[PDB]
>>> print(open('upload.txt').read())   # compact mmCIF, C-alpha atoms and all ligand atoms
# COMPACT_ATOMS: atom_id res chain seq x y z
CA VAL A 18 31.46 -17.28 -20.75
CA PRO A 19 32.02 -20.95 -21.84
CA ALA A 20 29.89 -23.41 -19.83
CA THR A 21 32.86 -25.70 -19.21
CA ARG A 22 34.78 -22.83 -17.60
CA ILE A 23 31.79 -22.21 -15.31
CA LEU A 24 31.75 -25.95 -14.57
CA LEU A 25 35.41 -25.71 -13.47
CA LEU A 26 34.54 -22.73 -11.24
CA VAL A 27 31.73 -24.77 -9.65
CA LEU A 28 34.16 -27.69 -9.01
CA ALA A 29 36.60 -25.32 -7.27
CA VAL A 30 33.72 -24.00 -5.13
CA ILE A 31 32.83 -27.59 -4.17
CA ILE A 32 36.40 -28.42 -3.12
CA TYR A 33 36.63 -25.14 -1.14
CA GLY A 34 33.30 -25.66 0.59
CA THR A 35 33.86 -29.35 1.30
CA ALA A 36 37.38 -29.04 2.69
CA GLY A 37 36.46 -25.93 4.65
CA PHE A 38 33.45 -27.48 6.39
CA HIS A 39 35.35 -30.71 7.11
CA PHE A 40 38.30 -28.90 8.72
CA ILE A 41 36.53 -25.95 10.39
CA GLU A 42 33.42 -27.83 11.56
CA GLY A 43 34.87 -31.35 11.89
CA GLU A 44 32.24 -33.22 9.86
CA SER A 45 33.08 -36.17 7.61
CA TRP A 46 34.09 -35.72 3.97
CA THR A 47 30.78 -37.11 2.75
CA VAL A 48 28.67 -34.87 5.01
CA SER A 49 30.83 -31.86 4.14
CA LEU A 50 30.28 -32.41 0.39
CA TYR A 51 26.58 -32.88 0.94
CA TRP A 52 26.40 -29.72 3.08
CA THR A 53 28.29 -27.79 0.40
CA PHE A 54 25.79 -28.76 -2.37
CA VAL A 55 22.82 -28.11 -0.09
CA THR A 56 24.27 -24.68 0.76
CA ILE A 57 25.33 -23.40 -2.68
CA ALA A 58 22.05 -24.67 -4.23
CA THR A 59 20.48 -22.64 -1.45
CA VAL A 60 18.48 -25.69 -0.25
CA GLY A 61 19.90 -25.40 3.33
CA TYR A 62 18.21 -28.31 5.17
CA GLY A 63 19.92 -27.25 8.43
CA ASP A 64 20.60 -30.89 9.34
CA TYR A 65 24.16 -29.54 9.17
CA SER A 66 25.33 -25.98 9.75
CA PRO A 67 28.38 -24.22 11.21
CA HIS A 68 28.59 -24.10 15.01
CA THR A 69 31.72 -21.93 15.38
CA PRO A 70 32.27 -18.24 14.60
CA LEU A 71 34.87 -19.26 11.97
CA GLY A 72 32.45 -21.80 10.43
CA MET A 73 29.86 -19.00 10.28
CA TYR A 74 32.21 -16.57 8.50
CA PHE A 75 33.35 -19.33 6.16
CA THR A 76 29.71 -20.18 5.32
CA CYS A 77 29.13 -16.52 4.43
CA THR A 78 32.10 -16.45 2.01
CA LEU A 79 30.96 -19.81 0.54
CA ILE A 80 27.47 -18.41 0.07
CA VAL A 81 28.91 -15.36 -1.75
CA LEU A 82 31.38 -17.41 -3.85
CA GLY A 83 29.14 -20.36 -4.54
CA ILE A 84 25.53 -19.35 -5.09
CA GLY A 85 25.91 -17.35 -8.33
CA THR A 86 28.48 -19.81 -9.70
CA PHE A 87 26.15 -22.76 -9.04
CA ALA A 88 23.03 -21.05 -10.48
CA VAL A 89 24.77 -20.15 -13.73
CA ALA A 90 26.16 -23.69 -14.01
CA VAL A 91 22.76 -25.37 -13.68
CA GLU A 92 21.23 -23.00 -16.22
CA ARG A 93 24.11 -23.60 -18.68
CA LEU A 94 23.68 -27.35 -18.07
CA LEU A 95 19.94 -26.95 -18.81
CA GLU A 96 20.67 -25.28 -22.17
CA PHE A 97 23.17 -28.02 -22.98
CA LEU A 98 21.18 -31.20 -22.41
CA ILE A 99 17.86 -29.75 -23.64
CA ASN A 100 18.87 -27.38 -26.47
CA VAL B 18 22.37 0.29 -12.37
CA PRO B 19 26.10 0.45 -11.38
CA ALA B 20 27.27 -2.70 -9.56
CA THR B 21 28.97 -0.67 -6.82
CA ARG B 22 25.69 1.09 -6.04
CA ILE B 23 24.02 -2.33 -5.71
CA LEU B 24 26.92 -3.38 -3.47
CA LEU B 25 26.18 -0.39 -1.21
CA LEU B 26 22.49 -1.37 -1.12
CA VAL B 27 23.49 -4.91 -0.08
CA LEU B 28 25.73 -3.52 2.72
CA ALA B 29 22.82 -1.43 4.05
CA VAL B 30 20.61 -4.55 3.99
CA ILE B 31 23.28 -6.43 5.99
CA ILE B 32 23.50 -3.71 8.65
CA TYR B 33 19.66 -3.54 8.86
CA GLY B 34 19.27 -7.31 9.11
CA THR B 35 22.14 -7.79 11.55
CA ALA B 36 21.20 -5.01 13.96
CA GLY B 37 17.53 -5.93 13.76
CA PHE B 38 18.02 -9.60 14.60
CA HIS B 39 20.50 -8.77 17.40
CA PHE B 40 18.14 -6.29 19.08
CA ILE B 41 14.75 -7.91 18.37
CA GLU B 42 15.81 -11.54 18.87
CA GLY B 43 18.72 -11.04 21.30
CA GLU B 44 21.34 -13.09 19.43
CA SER B 45 25.02 -12.12 19.30
CA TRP B 46 26.40 -9.81 16.61
CA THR B 47 28.20 -12.68 14.90
CA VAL B 48 25.14 -14.96 14.84
CA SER B 49 22.94 -12.07 13.68
CA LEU B 50 25.25 -11.35 10.73
CA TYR B 51 25.38 -15.02 9.85
CA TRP B 52 21.59 -15.31 10.08
CA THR B 53 21.21 -12.24 7.86
CA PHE B 54 23.41 -13.73 5.06
CA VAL B 55 21.72 -17.12 5.38
CA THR B 56 18.31 -15.41 5.12
CA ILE B 57 18.88 -12.96 2.25
CA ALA B 58 20.74 -15.66 0.23
CA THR B 59 17.61 -17.67 0.91
CA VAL B 60 19.67 -20.54 2.40
CA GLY B 61 17.67 -20.46 5.70
CA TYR B 62 19.31 -23.24 7.77
CA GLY B 63 16.80 -22.63 10.59
CA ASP B 64 19.53 -23.06 13.21
CA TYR B 65 18.45 -19.48 13.94
CA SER B 66 15.06 -17.91 13.30
CA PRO B 67 12.82 -15.28 14.92
CA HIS B 68 10.85 -16.43 17.98
CA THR B 69 8.79 -13.26 18.59
CA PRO B 70 5.95 -11.75 16.56
CA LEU B 71 8.13 -8.64 15.97
CA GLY B 72 11.09 -10.80 14.89
CA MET B 73 8.71 -12.56 12.47
CA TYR B 74 7.47 -9.29 10.93
CA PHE B 75 11.02 -7.97 10.76
CA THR B 76 12.17 -11.17 8.98
CA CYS B 77 9.41 -10.64 6.40
CA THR B 78 10.53 -7.06 5.65
CA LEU B 79 14.18 -8.25 5.52
CA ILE B 80 13.18 -10.98 3.09
CA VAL B 81 11.41 -8.41 0.87
CA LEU B 82 14.23 -5.82 1.12
CA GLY B 83 17.13 -8.22 0.97
CA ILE B 84 16.52 -11.11 -1.39
CA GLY B 85 16.35 -9.21 -4.71
CA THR B 86 19.18 -6.86 -3.66
CA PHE B 87 21.42 -9.82 -2.78
CA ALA B 88 20.63 -11.81 -5.96
CA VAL B 89 21.43 -8.89 -8.24
CA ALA B 90 24.66 -8.23 -6.31
CA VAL B 91 25.96 -11.79 -6.70
CA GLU B 92 25.13 -11.81 -10.40
CA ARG B 93 26.86 -8.42 -10.92
CA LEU B 94 29.83 -9.79 -8.93
CA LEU B 95 29.84 -12.85 -11.23
CA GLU B 96 30.02 -10.65 -14.35
CA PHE B 97 32.81 -8.64 -12.76
CA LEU B 98 35.31 -11.30 -11.70
CA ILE B 99 34.63 -13.59 -14.69
CA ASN B 100 33.95 -11.19 -17.58
CA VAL C 18 2.92 -7.44 -17.23
CA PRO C 19 2.31 -4.36 -14.98
CA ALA C 20 4.17 -4.58 -11.65
CA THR C 21 1.07 -3.59 -9.68
CA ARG C 22 -0.86 -6.52 -11.18
CA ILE C 23 1.97 -8.84 -10.08
CA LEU C 24 1.80 -7.20 -6.64
CA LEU C 25 -1.92 -8.08 -6.47
CA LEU C 26 -1.12 -11.68 -7.47
CA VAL C 27 1.47 -11.85 -4.66
CA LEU C 28 -1.11 -10.52 -2.14
CA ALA C 29 -3.59 -13.23 -3.19
CA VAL C 30 -0.84 -15.85 -2.75
CA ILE C 31 -0.17 -14.51 0.76
CA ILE C 32 -3.84 -14.71 1.77
CA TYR C 33 -4.10 -18.25 0.29
CA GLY C 34 -0.94 -19.45 2.01
CA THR C 35 -1.70 -17.80 5.33
CA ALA C 36 -5.30 -18.95 5.63
CA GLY C 37 -4.42 -22.42 4.38
CA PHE C 38 -1.62 -23.01 6.89
CA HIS C 39 -3.70 -21.57 9.76
CA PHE C 40 -6.69 -23.82 9.03
CA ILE C 41 -4.94 -27.00 7.80
CA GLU C 42 -2.01 -26.94 10.24
CA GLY C 43 -3.63 -25.04 13.15
CA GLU C 44 -0.92 -22.40 13.65
CA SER C 45 -1.70 -18.80 14.61
CA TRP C 46 -2.40 -16.12 12.00
CA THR C 47 0.94 -14.44 12.66
CA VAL C 48 2.96 -17.67 12.38
CA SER C 49 1.00 -18.69 9.27
CA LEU C 50 1.81 -15.38 7.53
CA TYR C 51 5.44 -15.69 8.52
CA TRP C 52 5.57 -19.29 7.28
CA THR C 53 3.98 -18.23 4.00
CA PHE C 54 6.65 -15.53 3.33
CA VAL C 55 9.46 -17.86 4.40
CA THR C 56 8.08 -20.54 2.04
CA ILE C 57 7.35 -18.51 -1.11
CA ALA C 58 10.69 -16.63 -0.76
CA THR C 59 12.11 -20.13 -0.61
CA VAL C 60 13.89 -19.36 2.70
CA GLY C 61 12.20 -22.34 4.48
CA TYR C 62 13.62 -22.14 8.04
CA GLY C 63 11.71 -25.31 8.99
CA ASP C 64 10.81 -23.84 12.39
CA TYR C 65 7.33 -24.37 10.93
CA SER C 66 6.26 -26.92 8.34
CA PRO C 67 3.17 -29.01 7.54
CA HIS C 68 2.68 -32.12 9.69
CA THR C 69 -0.39 -33.59 7.92
CA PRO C 70 -0.72 -35.15 4.47
CA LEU C 71 -3.15 -32.33 3.51
CA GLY C 72 -0.72 -29.68 4.82
CA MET C 73 1.99 -31.33 2.70
CA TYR C 74 -0.12 -31.27 -0.50
CA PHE C 75 -1.18 -27.70 0.24
CA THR C 76 2.48 -26.66 0.71
CA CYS C 77 3.28 -28.16 -2.70
CA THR C 78 0.52 -26.14 -4.44
CA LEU C 79 1.63 -23.00 -2.52
CA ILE C 80 5.19 -23.61 -3.65
CA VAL C 81 4.03 -23.91 -7.28
CA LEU C 82 1.65 -20.91 -7.09
CA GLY C 83 3.83 -18.69 -4.96
CA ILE C 84 7.50 -18.99 -5.80
CA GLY C 85 7.46 -17.58 -9.36
CA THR C 86 4.91 -14.90 -8.41
CA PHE C 87 7.06 -13.76 -5.47
CA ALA C 88 10.36 -13.75 -7.45
CA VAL C 89 8.92 -11.62 -10.24
CA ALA C 90 7.41 -9.23 -7.67
CA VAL C 91 10.71 -8.62 -5.86
CA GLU C 92 12.53 -8.06 -9.14
CA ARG C 93 9.83 -5.62 -10.36
CA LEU C 94 10.06 -3.89 -6.95
CA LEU C 95 13.85 -3.68 -7.42
CA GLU C 96 13.46 -1.96 -10.81
CA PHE C 97 10.93 0.42 -9.30
CA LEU C 98 12.74 1.79 -6.25
CA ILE C 99 16.20 1.77 -7.88
CA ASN C 100 15.51 2.67 -11.54
CA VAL D 18 12.01 -25.02 -25.61
CA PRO D 19 8.22 -25.77 -25.44
CA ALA D 20 6.79 -25.29 -21.93
CA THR D 21 4.96 -28.63 -22.06
CA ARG D 22 8.24 -30.44 -22.75
CA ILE D 23 9.74 -28.72 -19.68
CA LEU D 24 6.63 -29.77 -17.74
CA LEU D 25 7.31 -33.40 -18.73
CA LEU D 26 10.94 -33.03 -17.60
CA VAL D 27 9.71 -31.71 -14.23
CA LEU D 28 7.32 -34.69 -13.86
CA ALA D 29 10.19 -37.12 -14.51
CA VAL D 30 12.27 -35.29 -11.87
CA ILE D 31 9.38 -35.67 -9.39
CA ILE D 32 9.06 -39.42 -10.01
CA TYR D 33 12.87 -39.84 -9.71
CA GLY D 34 13.09 -37.81 -6.52
CA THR D 35 10.02 -39.35 -4.91
CA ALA D 36 10.87 -42.98 -5.64
CA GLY D 37 14.51 -42.43 -4.73
CA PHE D 38 13.81 -40.88 -1.32
CA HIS D 39 11.15 -43.52 -0.53
CA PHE D 40 13.47 -46.44 -1.33
CA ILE D 41 16.84 -45.04 -0.19
CA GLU D 42 15.60 -43.23 2.93
CA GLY D 43 12.52 -45.35 3.75
CA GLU D 44 9.98 -42.53 4.08
CA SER D 45 6.37 -42.86 2.92
CA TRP D 46 5.30 -42.03 -0.63
CA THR D 47 3.52 -38.87 0.51
CA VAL D 48 6.48 -37.59 2.55
CA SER D 49 8.88 -38.47 -0.28
CA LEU D 50 6.84 -36.45 -2.80
CA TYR D 51 6.64 -33.55 -0.39
CA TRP D 52 10.39 -33.71 0.28
CA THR D 53 11.06 -33.78 -3.46
CA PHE D 54 9.04 -30.56 -4.11
CA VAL D 55 10.56 -28.85 -1.07
CA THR D 56 14.04 -29.80 -2.32
CA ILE D 57 13.80 -28.94 -6.04
CA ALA D 58 12.00 -25.65 -5.22
CA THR D 59 14.99 -25.11 -2.96
CA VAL D 60 12.70 -24.51 0.06
CA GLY D 61 14.43 -27.28 2.11
CA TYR D 62 12.52 -27.21 5.44
CA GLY D 63 14.82 -29.93 6.82
CA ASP D 64 11.87 -31.66 8.51
CA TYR D 65 13.04 -34.43 6.16
CA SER D 66 16.53 -34.99 4.79
CA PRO D 67 18.74 -37.95 3.83
CA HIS D 68 20.41 -39.79 6.72
CA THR D 69 22.54 -42.25 4.71
CA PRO D 70 25.59 -41.65 2.51
CA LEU D 71 23.59 -42.95 -0.50
CA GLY D 72 20.64 -40.67 0.36
CA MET D 73 23.13 -37.78 0.51
CA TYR D 74 24.62 -38.55 -2.92
CA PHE D 75 21.15 -39.06 -4.36
CA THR D 76 20.02 -35.67 -2.95
CA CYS D 77 23.00 -34.04 -4.67
CA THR D 78 22.08 -35.53 -8.08
CA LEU D 79 18.41 -34.57 -7.50
CA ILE D 80 19.49 -31.03 -6.67
CA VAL D 81 21.53 -30.86 -9.90
CA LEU D 82 18.81 -32.50 -12.06
CA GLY D 83 15.83 -30.83 -10.46
CA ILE D 84 16.51 -27.23 -9.50
CA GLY D 85 17.02 -25.72 -12.97
CA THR D 86 14.22 -27.84 -14.45
CA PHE D 87 11.79 -26.70 -11.74
CA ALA D 88 12.76 -22.99 -11.97
CA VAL D 89 12.25 -22.88 -15.73
CA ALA D 90 8.91 -24.69 -15.37
CA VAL D 91 7.50 -22.20 -12.84
CA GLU D 92 8.62 -19.26 -14.96
CA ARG D 93 7.08 -20.80 -18.12
CA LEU D 94 3.90 -21.45 -16.08
CA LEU D 95 3.95 -17.78 -15.00
CA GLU D 96 4.11 -16.59 -18.62
CA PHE D 97 1.29 -18.95 -19.51
CA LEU D 98 -1.39 -18.11 -16.95
CA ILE D 99 -0.57 -14.38 -16.84
CA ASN D 100 0.43 -13.53 -20.42
K K E 1 16.34 -20.98 -1.84
K K E 2 16.48 -19.55 -4.69
K K E 3 16.04 -23.99 4.16
K K E 4 16.18 -22.62 1.42
K K E 5 15.90 -25.43 7.02
>>> encode(input="upload.txt", output="structure tokens")
Amino acid sequence: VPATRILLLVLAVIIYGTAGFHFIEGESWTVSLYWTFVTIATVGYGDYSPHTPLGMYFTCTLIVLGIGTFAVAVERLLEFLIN
Amino acid sequence: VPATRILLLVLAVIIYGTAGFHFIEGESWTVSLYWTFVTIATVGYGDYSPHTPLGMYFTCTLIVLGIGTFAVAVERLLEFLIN
Amino acid sequence: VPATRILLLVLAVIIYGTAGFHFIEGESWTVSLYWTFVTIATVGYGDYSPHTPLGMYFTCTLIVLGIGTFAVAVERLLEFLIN
Amino acid sequence: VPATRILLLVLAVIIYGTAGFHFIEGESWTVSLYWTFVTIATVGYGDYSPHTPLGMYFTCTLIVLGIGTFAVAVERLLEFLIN
């Protein structure tokens, strides 16, 4: 799979995660984007997390949609700037 | 190994983690499921975590049983929807 | 590398992490073991973490010594029980 | 890619992360270094995290620059001391 295609998939994940957290959990756009990166990179500081049952379900789908996508994107990025 | 078989292994992990946290730690079903995903994806927000020695031991076994299973499942899912 | 050898390396990491956290940070044996697994699996709930400069340095060495070791062990375990 | 080159890339990431957190977030040098390792190893205890919009953006770039770099370095280190 082309790295740029994976990059586009990661951007879609970011939009989905950001907009979802902002609207379900009510956090600002900036915090929501930050939470999304922290979640799909599997850092998970826990300074922000879902507090509603819907937010919890949404976080689970984000985790499933976002973690593999993100990992492959960083590794393809690695290859690109180094090799 | 067939991806669907791995999927079944991940579902068993989810049941084990969810039921275990609910009964050992006393959290709701919804929170327990959310905690299980957050744990085996290695996100670990720490909004929920075990507070008993048994919960701690159980979390260690879940970690060992669940993390590799989950990682292989997301990567097989990746291959499937993209390739 | 033989999986059992990797298993032995992971056990040494666990002893090192557990004893180190217990003595540097002053937490119980049980909590220290739990913290060690949570750290080297990269879950990191943050219910426990080092509070001293030495604990912080020690956690960094544990991270470096433990994360790769643990990841290879779970993946070799995966191969073993499934294949 | 030579492991030592990757090691140098990881050292640059550590400097960037440490100095960035110290100056953007105002934490000590020691805490900033500890936070950097905890972040790029994807442990993320959340005992420390950015509290400003700039700190949040910076953490996102660190995550992107640091996570793949760190993972490849630990795995190359693994090969080296074991094989
Ligand atoms: K992680
Ligand atoms: K990880
Ligand atoms: K975490
Ligand atoms: K984590
Ligand atoms: K955390």
>>> residues_near_ligand(input="upload.txt", ligand="ligand K 1 (chain E)", cutoff="9 Å", atoms="all atoms listed in the file", output="ChimeraX atom specification")
/A:58-61 /B:58-61 /C:58-61 /D:58-61
>>> closest_residue(input="upload.txt", among="C:56, C:45, C:69, C:76", to="ligand K 3 (chain E)", atoms="all atoms listed in the file")
C:56
>>> residues_around(input="upload.txt", residues="residue 20 in chain D", least_positions_apart="3", cutoff="7 Å", atoms="only C-alpha atoms", output="PyMOL selection string")
chain D and resi 23-24+90+93
>>> atom_distance(input="upload.txt", atom1="CA of residue 32 in chain B", atom2="CA of residue 50 in chain B")
8.1 Å
>>> closest_residue(input="upload.txt", among="B:49, B:85, B:34, B:67", to="chain C", atoms="all atoms listed in the file")
B:85
>>> interface_residues(input="upload.txt", of="chain A", to="chain B", cutoff="10 Å", atoms="only C-alpha atoms", output="ChimeraX atom specification")
/A:18,22-23,26,55-78,80-86,88-89
>>> write_last_selection(input="upload.txt", atoms="C-alpha atoms", output="mmCIF file, in the coordinates of the input")
data_model
loop_
_atom_site.group_PDB
_atom_site.id
_atom_site.type_symbol
_atom_site.label_atom_id
_atom_site.label_comp_id
_atom_site.auth_asym_id
_atom_site.auth_seq_id
_atom_site.Cartn_x
_atom_site.Cartn_y
_atom_site.Cartn_z
ATOM 1 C CA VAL A 18 31.460 -17.280 -20.750
ATOM 2 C CA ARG A 22 34.780 -22.830 -17.600
ATOM 3 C CA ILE A 23 31.790 -22.210 -15.310
ATOM 4 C CA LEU A 26 34.540 -22.730 -11.240
ATOM 5 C CA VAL A 55 22.820 -28.110 -0.090
ATOM 6 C CA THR A 56 24.270 -24.680 0.760
ATOM 7 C CA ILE A 57 25.330 -23.400 -2.680
ATOM 8 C CA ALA A 58 22.050 -24.670 -4.230
ATOM 9 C CA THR A 59 20.480 -22.640 -1.450
ATOM 10 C CA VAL A 60 18.480 -25.690 -0.250
ATOM 11 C CA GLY A 61 19.900 -25.400 3.330
ATOM 12 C CA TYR A 62 18.210 -28.310 5.170
ATOM 13 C CA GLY A 63 19.920 -27.250 8.430
ATOM 14 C CA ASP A 64 20.600 -30.890 9.340
ATOM 15 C CA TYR A 65 24.160 -29.540 9.170
ATOM 16 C CA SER A 66 25.330 -25.980 9.750
ATOM 17 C CA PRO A 67 28.380 -24.220 11.210
ATOM 18 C CA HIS A 68 28.590 -24.100 15.010
ATOM 19 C CA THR A 69 31.720 -21.930 15.380
ATOM 20 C CA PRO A 70 32.270 -18.240 14.600
ATOM 21 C CA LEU A 71 34.870 -19.260 11.970
ATOM 22 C CA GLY A 72 32.450 -21.800 10.430
ATOM 23 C CA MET A 73 29.860 -19.000 10.280
ATOM 24 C CA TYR A 74 32.210 -16.570 8.500
ATOM 25 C CA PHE A 75 33.350 -19.330 6.160
ATOM 26 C CA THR A 76 29.710 -20.180 5.320
ATOM 27 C CA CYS A 77 29.130 -16.520 4.430
ATOM 28 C CA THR A 78 32.100 -16.450 2.010
ATOM 29 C CA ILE A 80 27.470 -18.410 0.070
ATOM 30 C CA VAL A 81 28.910 -15.360 -1.750
ATOM 31 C CA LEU A 82 31.380 -17.410 -3.850
ATOM 32 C CA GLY A 83 29.140 -20.360 -4.540
ATOM 33 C CA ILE A 84 25.530 -19.350 -5.090
ATOM 34 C CA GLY A 85 25.910 -17.350 -8.330
ATOM 35 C CA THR A 86 28.480 -19.810 -9.700
ATOM 36 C CA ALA A 88 23.030 -21.050 -10.480
ATOM 37 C CA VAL A 89 24.770 -20.150 -13.730
#
>>> axis_aligned_box(input="upload.txt", around="range 36-42 of chain A", padding_each_side="6 Å", output="JSON")
{"center_x": 35.9, "center_y": -28.3, "center_z": 7.1, "size_x": 16.9, "size_y": 16.8, "size_z": 20.9}
>>> atom_distance(input="upload.txt", atom1="CA of residue 28 in chain C", atom2="CA of residue 79 in chain C")
12.8 Å
>>> atom_distance(input="upload.txt", atom1="CA of residue 41 in chain C", atom2="CA of residue 27 in chain C")
20.6 Å
